[PDB]
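Per chain, numbering begins at 1; letters A, B, ... match sequence-line order. Computation of the quantities below employed the complete heavy-atom set of this structure, encompassing side-chain atoms and omitting hydrogens, waters and symmetry-equivalent molecules.
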Amino acid sequence: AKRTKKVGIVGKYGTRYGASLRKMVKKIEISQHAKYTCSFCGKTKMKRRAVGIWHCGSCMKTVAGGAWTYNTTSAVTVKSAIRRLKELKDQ
Amino acid sequence: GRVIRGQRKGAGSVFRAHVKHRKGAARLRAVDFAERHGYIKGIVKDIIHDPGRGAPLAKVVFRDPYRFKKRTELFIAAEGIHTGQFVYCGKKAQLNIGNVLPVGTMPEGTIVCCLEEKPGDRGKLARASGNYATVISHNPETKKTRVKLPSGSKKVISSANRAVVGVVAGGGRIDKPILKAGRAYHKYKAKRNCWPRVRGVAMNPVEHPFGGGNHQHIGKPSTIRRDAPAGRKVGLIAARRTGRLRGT
RNA sequence: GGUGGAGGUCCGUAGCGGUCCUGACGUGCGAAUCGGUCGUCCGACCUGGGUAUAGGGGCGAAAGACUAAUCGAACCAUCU
RNA sequence: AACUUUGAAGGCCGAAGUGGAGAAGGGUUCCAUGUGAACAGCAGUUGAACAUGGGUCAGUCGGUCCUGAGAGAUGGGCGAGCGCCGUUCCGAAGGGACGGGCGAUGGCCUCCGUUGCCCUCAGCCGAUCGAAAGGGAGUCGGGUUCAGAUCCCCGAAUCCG
RNA sequence: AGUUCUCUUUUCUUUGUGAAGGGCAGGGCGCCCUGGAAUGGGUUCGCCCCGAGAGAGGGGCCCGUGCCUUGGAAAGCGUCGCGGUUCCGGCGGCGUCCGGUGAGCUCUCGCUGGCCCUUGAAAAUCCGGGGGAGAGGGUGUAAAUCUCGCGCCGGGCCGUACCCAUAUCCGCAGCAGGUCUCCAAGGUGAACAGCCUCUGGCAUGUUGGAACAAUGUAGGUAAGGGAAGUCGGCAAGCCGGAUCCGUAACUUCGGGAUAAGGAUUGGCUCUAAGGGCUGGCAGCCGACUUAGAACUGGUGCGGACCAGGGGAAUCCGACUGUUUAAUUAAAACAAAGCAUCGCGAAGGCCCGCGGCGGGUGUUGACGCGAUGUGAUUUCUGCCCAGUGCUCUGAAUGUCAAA
RNA sequence: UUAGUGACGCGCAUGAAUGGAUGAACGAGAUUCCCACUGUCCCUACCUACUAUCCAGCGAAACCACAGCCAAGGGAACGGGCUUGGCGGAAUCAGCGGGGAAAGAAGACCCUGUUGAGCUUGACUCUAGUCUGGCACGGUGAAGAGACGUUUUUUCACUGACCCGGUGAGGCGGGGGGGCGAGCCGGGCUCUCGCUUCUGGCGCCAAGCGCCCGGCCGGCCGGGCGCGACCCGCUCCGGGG
RNA sequence: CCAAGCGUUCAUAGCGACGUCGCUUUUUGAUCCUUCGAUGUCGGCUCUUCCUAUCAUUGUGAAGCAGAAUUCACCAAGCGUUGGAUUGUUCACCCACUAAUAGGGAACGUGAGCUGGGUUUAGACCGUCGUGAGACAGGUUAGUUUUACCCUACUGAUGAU
Ligand SMILES: [Mg+2]
Ligand SMILES: [Mg+2]
Ligand SMILES: [Mg+2]
Ligand SMILES: [Mg+2]
Ligand SMILES: [Mg+2]
Ligand SMILES: [Mg+2]
Ligand SMILES: [Mg+2]
Ligand SMILES: [Mg+2]
Ligand SMILES: [Mg+2]
Ligand SMILES: [Mg+2]
Ligand SMILES: [Mg+2]
Ligand SMILES: [Mg+2]
Ligand SMILES: [Mg+2]
Ligand SMILES: [Mg+2]
Ligand SMILES: [Mg+2]
Ligand SMILES: [Mg+2]
Ligand SMILES: [Mg+2]
Ligand SMILES: [Mg+2]
Ligand SMILES: [Mg+2]
Ligand SMILES: [Mg+2]
Ligand SMILES: [Mg+2]
Ligand SMILES: [Mg+2]
Ligand SMILES: [Mg+2]
Ligand SMILES: [Mg+2]
Ligand SMILES: [Mg+2]
Ligand SMILES: [Mg+2]
Ligand SMILES: [Mg+2]
Ligand SMILES: [Mg+2]
Ligand SMILES: [Mg+2]
Ligand SMILES: [Mg+2]
Ligand SMILES: [Mg+2]
Ligand SMILES: [Mg+2]
Ligand SMILES: [Mg+2]
Ligand SMILES: [Mg+2]
Ligand SMILES: [Mg+2]
Ligand SMILES: [Mg+2]
Ligand SMILES: [Mg+2]
Ligand SMILES: [Mg+2]
Ligand SMILES: [Mg+2]
Ligand SMILES: [Mg+2]
Ligand SMILES: [Mg+2]
Ligand SMILES: [Mg+2]
Ligand SMILES: [Mg+2]
Ligand SMILES: [Mg+2]
Ligand SMILES: [Mg+2]
Ligand SMILES: [Mg+2]
Ligand SMILES: [Mg+2]
Ligand SMILES: [Mg+2]
Ligand SMILES: [Mg+2]
Ligand SMILES: [Mg+2]
Ligand SMILES: [Mg+2]
Ligand SMILES: [Mg+2]
Ligand SMILES: [Mg+2]
Ligand SMILES: [Mg+2]
Ligand SMILES: [Mg+2]
Ligand SMILES: [Mg+2]
Ligand SMILES: [Mg+2]
Ligand SMILES: [Mg+2]
Ligand SMILES: [Mg+2]
Ligand SMILES: [Mg+2]
Ligand SMILES: [Mg+2]
Ligand SMILES: [Mg+2]
Ligand SMILES: [Mg+2]
Ligand SMILES: [Mg+2]
Ligand SMILES: [Mg+2]
Ligand SMILES: [Zn+2]
């Protein structure tokens, strides 16, 4: 059964810290505790070990990722930019 | 009056960095013949949390070109590198995330991290989590490069300075509210004795310029000149302006 | 409807603290203790030993607090 | 003899103890015998008092060794100077070794040791101190005294060299 | 051994086996081989696992502190009975037995998960592997060599008593203070609560006797009223456990909430339901629970103990946290959040008499340093004259030494 | 109802991060009212324990000019003493709190002192630090502008002082040698390169070749050198200066 | 005290101008004589006593005293003079009962009698003021109340000549 209407994971904090801060931290709490599909082995096991450190329990690979998400939008953009500059550099 | 807290921070004592569980200084490779003239290969063995640092660190292993040994380096982990990956350092390394190249060979607009302030210093700029520098331009005649730093300042550096391609991992860390004094207690228990911070107006005049009064007020302007003596230089130090930053 | 068992979460012991009685005592058991009643009790928690900071100095989640019953500048000897 | 000892009753602490053992601190207060001057805020035939004598046994339980936060010499620097800073930093920082070649001495003189020199090889990169709660091989059962016992004796083991 | 007037095949006590070696249970494996799975299956309290190989078969390894065995019955213990100098490790008989059970408590081993802007020592020391420089003998009188089984010798130095705390320590003392730990029984009960008891311990806390006046200190009880007392309900009192029902304003939708408000609760005799093992059934074992019913007492039943009074509002501070050791615990401090300011290292901020000195810094702007405000919500208006801070400067008044 | 709450607002002297307004939850924080409850009270009583009490033993201390009954008087303007009156009778016990302007501590308040100390600043006089100019360390060379071959100054360079960073000071500069390209009439040059990028392997302690030498009987056994691994150089390599 | 007036009339039932004479020390002042090697600083509570300048009650005289109610005066302090809301309050105001709800002193009686609400230390907030440290007969909140066993007095208890 649905146990809360809107707090969800930030129901652990009760009434404290304010609705907007709890609303903000809810987005991060879901993402930083999610299990992502590993791109090396395909199993949904990519889990955060520390801030910025993501580890897959199946293939044992470790990845330098984002603080709360597996990869950041900034890092994804930079990889494409570095890929494009590499082609032009050697044509 | 007595010596103020800011004065006492300089003597070391209870204000020294908490470095008991840190893993070592994060650095590039020391520049040698392989990086000067070609490239050297390495393998990312592990990516580890460093107490007190937001960014993760990568443990990279190289071969020693002169002795039968394995060299373990401790790099700032660029975002997207994984264990078992091969990284390459040197003049002729390819433009890939995690490789170490001189900024002179990088095309304009390259995104780099752990960039040398001076050629050979082994990486000093843009090392915080999520941060990076950019390459603006080169002057092959003067053998120098123009980069943009995470603060936004533009700097002219030698073209021979090395850097790691990509941005530092662990980005977006400051986007999470701490929500708790206790969580800030733990953040700084790994760094140094700087928390919590008592306000100047909350003290007596003996230990602070702003202390004292029947009302908690500064009483004197809080923008303090650049040349004020230690123990007086408190508040907004040499402020060019104050108030809300409205506009660009 | 169940399962699950988070929390600077709540009642409450050990522990840690010390609100009120303006209770006891006030040539005291005690140069600060005693009783009931009370705060908190997974955390910014409690605590042993080691080690560091020394007097216009330290150290202070800040009361001019603490720095060996001494603190709006310790104690000791000297100047005297 | 209200208070000591024995016996018997009636009670209390009520396994977070008023029980059984340690650390720090004490330092003989421990145990036996004697005294009842002084002390133990009454008394005492009693005491942790006084007096006369005893009592602490280890490869295996700790220290001892390691490093921790840290402390601290040398090189160097500073300093009128006692000295101070500094701990890898302005240093010719190794007194070692498989092996090989030249000799010298000895002995179970057969040939091997030891020993001197030369050749060869050599990162550790920091003297030293720092924990009776951290790391750190290996001992247990029974008996035994007034007081000691995983230490003594009996039996059975084990680590290191 | 106790009780035995009556009853009680009763109540109480007690009923071993060390280290090390061997074997075997048990536990664990992210170890191997066959094979190839959707009608997906396996599986936990939860999870979680699989074509990167699931189920199902057959193996391997690690720990085995459990049991057996050597130790080892010779000892220890219980009990009965004999001896001595009788201060003997004295000598004999018998015994040291068979099962069950548990979210029980304590310890431990293991598996699996959660939390971190926290990621939770170093070294001495020991080991395995990769390589193959070398060495060993020429078929024997075998050699180099051996982390295998026996056997031989040694292990020095210092500590070691006792107290460990309402009398061995610190507070001038045998001071109601302070002072770090380990073990931890039965009953009631949710319980390391309180109350009673066993093992162990003690003698009432630096004296006794006799009285039972006032005034005290500490406990109680009071007709009728019910805060009229007092600055103020200070103090005391009321409520209180559990089950069943029921629960508002407001709210940041998490709460408020044990809101508020009711009913019930003992004893006894029953009924039903909830499981395991062996071979839709049969038999044999069992662990406390829940619900319901009758009967029953002078309506007494959470019978002691344990154990929230409640509601409507206003001010302040968001909260948890901290503080004037010894008159102030608070609205003060901190806090997350918010906003400013300096700094790209020959740097910012700071220490230092001193230097190629030192802290931040094992750091690098998502950082470090310096201030203000003080969660969230909503907003943060006008003023650069003053005082500050800051920016430009040979264009340029005053302006030291040289 | 000098209290509380809600309104009003020309507000002595409210007001926007010297933050304004709010608001759930929370509070040993301040305040008002209501239910319940009661000895807070009307208005007190009784009971229990330990005292006090009396006894045996044992046994302090604070304090003390002499002392210790009052009325009035006058008096340093509130007498235990003095004057005038009232009056006065051993030694003691339990209580008590009127007095002793009781004890306690050379008044903290207030003033004075040519006595201080903590703190502040637009006080006076200084001072660490800091910014700034000059002189020295402190050099080499080109230009520009001046002054009379010398000399001042500006710019640009240099390195060798001086500083910084890295490293176990491990391949620096120049030349040679070699490879792919270009292009002029096979050779010379423009000019560039120095052998590693797929995979979570391995990688040292030289192979090979050339030339010498030793011991033993062309054959065995064993050494030395060189190339492999280019040569020459004055700062280890960079960055400043 | 005088008496212009008021009181329909009428100075004096009851009042009383312009003037003037006193008393009191429960108001505030003025002064600075005592106390700064300290006389505990408001209010309440509690408890006794005293004054009279009499509110009530007893006995009376006078009224513009018909009665009732009331007013003025005399002897007079024997006995009374209350319960409450707001406030720390003294003071004040209101509710209610009453014969009446009088006024005062006793070191502005009374803190080794209490309480500690206010004032009046150190913490903290607001406003105004100050550049500031800080200040404010301006608000606010929290803030240790010591000793009797001596002498006397008093209360009771033995006793003494
Ligand atoms: Mg100052
Ligand atoms: Mg303060
Ligand atoms: Mg809690
Ligand atoms: Mg709680
Ligand atoms: Mg008290
Ligand atoms: Mg007393
Ligand atoms: Mg702390
Ligand atoms: Mg200092
Ligand atoms: Mg203060
Ligand atoms: Mg004990
Ligand atoms: Mg003992
Ligand atoms: Mg005695
Ligand atoms: Mg003894
Ligand atoms: Mg030193
Ligand atoms: Mg040592
Ligand atoms: Mg040790
Ligand atoms: Mg032995
Ligand atoms: Mg299987
Ligand atoms: Mg036997
Ligand atoms: Mg091998
Ligand atoms: Mg012992
Ligand atoms: Mg007793
Ligand atoms: Mg006794
Ligand atoms: Mg005692
Ligand atoms: Mg006692
Ligand atoms: Mg009653
Ligand atoms: Mg009644
Ligand atoms: Mg009242
Ligand atoms: Mg009253
Ligand atoms: Mg109360
Ligand atoms: Mg409520
Ligand atoms: Mg309001
Ligand atoms: Mg608070
Ligand atoms: Mg603290
Ligand atoms: Mg205090
Ligand atoms: Mg307190
Ligand atoms: Mg500000
Ligand atoms: Mg301005
Ligand atoms: Mg009221
Ligand atoms: Mg109002
Ligand atoms: Mg504004
Ligand atoms: Mg304001
Ligand atoms: Mg006596
Ligand atoms: Mg006198
Ligand atoms: Mg006389
Ligand atoms: Mg008196
Ligand atoms: Mg006095
Ligand atoms: Mg004085
Ligand atoms: Mg004084
Ligand atoms: Mg004078
Ligand atoms: Mg002075
Ligand atoms: Mg001073
Ligand atoms: Mg001046
Ligand atoms: Mg007339
Ligand atoms: Mg005078
Ligand atoms: Mg005079
Ligand atoms: Mg006096
Ligand atoms: Mg007095
Ligand atoms: Mg009269
Ligand atoms: Mg008075
Ligand atoms: Mg008095
Ligand atoms: Mg008093
Ligand atoms: Mg008060
Ligand atoms: Mg105050
Ligand atoms: Mg102001
Ligand atoms: Zn994976």
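For the segment residues 216-237 of chain B, the set of residues with a heavy atom within less than 4.0 Å of an atom of RNA chain G comprises B/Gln216, B/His217, B/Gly219, in numerical order. In the region residues 23-38 of chain B, proximity to RNA chain E at under 4.0 angstrom, judged on heavy atoms, holds for B/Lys23, B/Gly24, B/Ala25, B/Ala26.
Checked by atom type, the side-chain pair B/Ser129/B/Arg173 shows a donor-acceptor distance below 3.5 Å. If you check the side chains of B/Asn161 and B/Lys118, you find no donor sitting under 3.5 Å from an acceptor. Donor-acceptor pairing under 3.5 Å is recorded for the side chains of A/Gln32 and B/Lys176. A donor-acceptor contact closer than 3.5 angstrom links the side chains of B/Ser159 and B/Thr145.
Looking at which nucleotide of RNA chain G each of B/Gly213 and B/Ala202 is closest to, the 5′-most match is held by B/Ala202.
Distance from the side chain of B/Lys69 is smallest to F/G168 among E/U371, F/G168, F/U197. The side chain of B/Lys92 sits closest to F/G194 out of F/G203, F/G194, E/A336. Residue A/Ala19 has its side chain nearest to E/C253 when only E/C253, G/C126, F/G200 are considered. Of the candidate nucleotides E/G364, E/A346, E/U371, E/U371 has the atom lying nearest to any side-chain atom of B/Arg197. Closest contact between the side chain of B/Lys20 and the listed nucleotides E/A121, C/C45, E/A345 involves E/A121. Of the listed nucleotides (G/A135, E/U362, F/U196), E/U362 has the atom at the smallest distance from the side chain of B/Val19. Of the candidate nucleotides E/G361, E/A365, G/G134, G/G134 has the atom lying nearest to any side-chain atom of B/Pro205. Looking at the side chain of B/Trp195, the nearest of the listed nucleotides C/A44, E/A365, E/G369 is C/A44.
Contact annotation for B/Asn131: base contact, defined as any heavy-atom pair under 4.0 Å involving a base atom. Nucleic acid contact for A/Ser20: sugar-phosphate only, since backbone atoms but no base atoms lie under 4.0 Å from a heavy atom of the residue. As judged by a 4.0 angstrom heavy-atom cut-off over every strand, B/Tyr185 is placed among residues touching the sugar-phosphate backbone only. Counting any heavy atom pair closer than 4.0 Å across all strands shown, B/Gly12 reaches sugar-phosphate atoms only and no base atom. Residue contacts shown for B/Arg241 are limited to sugar-phosphate atoms, with no base heavy atom under 4.0 Å away. Counting non-hydrogen atoms under 4.0 angstrom, B/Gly123 reaches nothing in the nucleic acid.
Here D/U33 does not sit opposite E/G354 as a base pair, Watson-Crick or G-U wobble, with both distances under 3.5 Å.
If you check distances only, the side chain of B/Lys187 does reach the base of E/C117 with a donor-acceptor pair under 3.5 Å. A donor and an acceptor atom sit less than 3.5 Å apart, one in the side chain of B/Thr83 and one in the base of F/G200. One N or O donor and one acceptor, one from the side chain of B/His215 and one from the base of G/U128, sit under 3.5 Å apart. A donor N or O paired with an acceptor N or O is found under 3.5 Å between the base of E/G364 and the side-chain atoms of B/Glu117. If you check distances only, the side chain of B/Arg71 does reach the base of F/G168 with a donor-acceptor pair under 3.5 Å.
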What's touching nucleotides 1-8 of chain C from the protein side, N or O pairs under 3.5 Å?
residue : atom : partner  : partner atom : Å
C/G1    : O6   : A/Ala1   : N            : 2.9
C/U3    : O4   : A/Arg3   : NH1          : 2.9
C/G7    : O4'  : A/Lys12  : O            : 3.4
C/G7    : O3'  : A/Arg16  : NH2          : 3.2
C/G8    : OP1  : A/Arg16  : NE           : 2.9
C/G8    : OP1  : A/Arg16  : NH2          : 2.5
C/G8    : OP1  : A/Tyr17  : OH           : 3.0
C/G8    : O5'  : B/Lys180 : NZ           : 3.3
C/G8    : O4'  : B/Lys180 : NZ           : 3.2
C/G8    : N7   : B/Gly182 : N            : 2.9
C/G8    : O6   : B/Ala181 : N            : 3.2

Distances for protein N or O near nucleotides 47-57 of chain C N or O, under 3.5 Å:
residue : atom : partner : partner atom : Å
C/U53   : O4'  : B/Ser13 : OG           : 3.2

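At E/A52 the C1'-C2'-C3'-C4' dihedral is negative, so the sugar adopts a south, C2'-endo-type conformation.
For residues 33-43 of chain B, every residue pair satisfying the side chain to side chain donor-acceptor pair (under 3.5 Å) rule, not counting sequence neighbours, is listed here: B/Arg29-B/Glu35, B/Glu35-B/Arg162.
Per the geometry, CE belonging to B/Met203 stands 17 Å off P belonging to E/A332, to the nearest Å. What separates CD of B/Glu207 from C1' of F/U120 is a distance of 15 Å, to the nearest Å.
Residue B/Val14 shares its hydrophobic cluster (ILVMFWY side chains chained together at separations under 4.5 Å) with B/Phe15.
Under the Watson-Crick or G-U wobble criterion, with both distances below 3.5 Å, E/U265 is paired with E/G241.
The shortest heavy-atom contact between A/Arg22 and A/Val10 is O-CG1, 3.6 Å.
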